[PDB]
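Encoded as structure tokens, the structure appears first; notes follow it.
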Amino acid sequence: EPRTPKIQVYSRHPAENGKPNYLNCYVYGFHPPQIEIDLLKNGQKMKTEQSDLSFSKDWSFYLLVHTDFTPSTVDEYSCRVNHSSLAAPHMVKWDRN
Amino acid sequence: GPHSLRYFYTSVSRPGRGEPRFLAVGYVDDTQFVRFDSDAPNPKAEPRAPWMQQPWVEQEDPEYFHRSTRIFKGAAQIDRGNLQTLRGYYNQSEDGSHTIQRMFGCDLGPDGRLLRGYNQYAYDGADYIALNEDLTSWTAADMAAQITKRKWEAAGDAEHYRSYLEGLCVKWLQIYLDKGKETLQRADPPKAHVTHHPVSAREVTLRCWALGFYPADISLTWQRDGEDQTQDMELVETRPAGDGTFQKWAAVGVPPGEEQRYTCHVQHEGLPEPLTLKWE
Amino acid sequence: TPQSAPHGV
């Protein structure tokens, strides 16, 4: 009876193209806990850190996957998620808003 | 005010891929302070807040980590048991991976003293068994959970959770709250700002951002000349910044020229009085 | 400080 993950992609601080920052991918409300979460620069897998697994009152799991990045007008960032609840991986493009 | 110490245990069977993996984290309010993972090579309970890496730990209990380590190995081992019995209970096959979660802990009233105890379980994401705040009686959510209820009532297991809660839980919550005063009791207010994003000739999105706050509790709302429009606004779930602070935005699509008719509303523990703000 | 359940379900 899987629960589909909700996904938000965003920077720790307001993004100035040029200033080093942290790129976050927050995924929540999912079940089971088996999940694939990658951050992509121009569709290529970046090296990331993933928070310790936890879960909310309703038993759904949540993870923060994050890395350092420097925003460029040249560069596209996205969060890539595969869960049992999804027909295939979803990608969410990072938008500064 | 109201504070909580919570532990979150997750075991996952991995049929074919070895024995079950146990994970545990501990939190005080919205702040994690420990972790354990039974896949780690020489698995120990690990501090995950700074204030858990200070000398006070040694003096309060020189064995603190060895103890949490020991408890977590037990917890892990018991759940390897549970995942076999629950398979049995639910008459499920050997190949499926299944999940057992425990969440237990305590809340304090503003007096300081125990408000509520918690000790609750889920199987494959759904309610299984939970200790009532009588701390004597269980709610089994189904026919398999009833077996468990009968078992633990006959055996008087609730008594042990009661003594843990009444002794240890509150005691350590107070310890952690006093020892982590500057991080846990020092509330960071949200820094709010409104941003203007033309999103057609009929609507420019007014987005109210709230950033760098602790704790996670916050109310973000948009009013239109005194009229809250929560039903007609877009509001994301609160999200972790990555530095112990949280983020949230609320947005409304308004017709251009009407920008100053809207007012963003921010309420937060760390703010003296509520913030009200609009476009520049 | 944690706590482990006396018995399995």
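Going by the structure tokens order, chains are called A, B, ..., each with residues numbered from 1, while ligands are numbered from 1 in the order shown.
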
* Asked: Which residues, written as a list in words, have at least one atom at most 7 Å from residue 118 of chain B, with only C-alpha atoms counted and residues fewer than 3 positions away on the same chain left out?
  ->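 Here the qualifying residues turn out to be residues 104, 105, 106 and 131 of chain B.
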
Can you check which parts of segment 149-168 of chain B lie within 8 Å of chain C? Per residue, the shortest pair of atoms and distance in Å to one decimal, counting only C-alpha atoms, sorted by chain and number, as a tab-separated table.
residue	atom	partner	partner_atom	distance
B:151	CA	C:9	CA	7.6
B:152	CA	C:7	CA	7.8
B:157	CA	C:6	CA	6.6
B:160	CA	C:6	CA	7.6
B:161	CA	C:5	CA	7.6
B:164	CA	C:3	CA	7.1
B:168	CA	C:1	CA	6.9

* **Atomic distance atom CA of residue 39 of chain B - atom CA of residue 97 of chain B, expressed in Å with one decimal** => 16.5 Å

* Which residue, B:126, B:241, B:254, B:135, has the smallest gap to residue 203 of chain B when you use only C-alpha atoms? ->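 Looking only at the distances to residue 203 of chain B, the closest residue turns out to be B:254.
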
* Å distance separating atom CA of residue 82 of chain A from atom CA of residue 33 of chain A, one decimal place -> 11.3 Å

* Within 6 Å of chain C, which residues of chain B show up when using only C-alpha atoms, listed as a count of residues only? -> 5

* What does the distance from atom CA of residue 146 of chain B to atom CA of residue 81 of chain B come to in Å, to one decimal? ->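 About the pair atom CA of residue 146 of chain B and atom CA of residue 81 of chain B: they are 17.6 Å apart.
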
Against chain A, which residues of chain B fall within 7 Å? For each one I want the closest pair of atoms and the distance in Å (one decimal), counting only C-alpha atoms, rows by chain and increasing residue number, as a tab-separated table.
residue	atom	partner	partner_atom	distance
B:8	CA	A:54	CA	6.7
B:125	CA	A:59	CA	5.6
B:239	CA	A:26	CA	7.0
B:241	CA	A:12	CA	5.0
B:242	CA	A:12	CA	6.6

* Asked: So which bits of segment 29-272 of chain B end up alpha helix (DSSP H) when you DSSP the backbone, as number ranges by chain?
  -> B: 56-60, 64-89, 143-155, 158-164, 170-179, 181-184

* **strand (DSSP E or B) positions in segment 68-279 of chain B, given as a ChimeraX atom specification** => /B:99-108,114-123,126-131,138-140,188,191-198,204-214,219-224,228,234-235,239-240,246-254,262-267,275-277

* List the neighbours of segment 216-227 of chain B out to 7 Å using only C-alpha atoms; skip same-chain residues closer than 2 positions along the sequence, and give me the result as a VMD selection string. => chain B and resid 30 213 to 214 229 to 230 238 246 250 261 to 268

* Distance criterion (only C-alpha atoms): nearest to residue 21 of chain A out of A:96, A:86, A:73, A:44 -> A:96
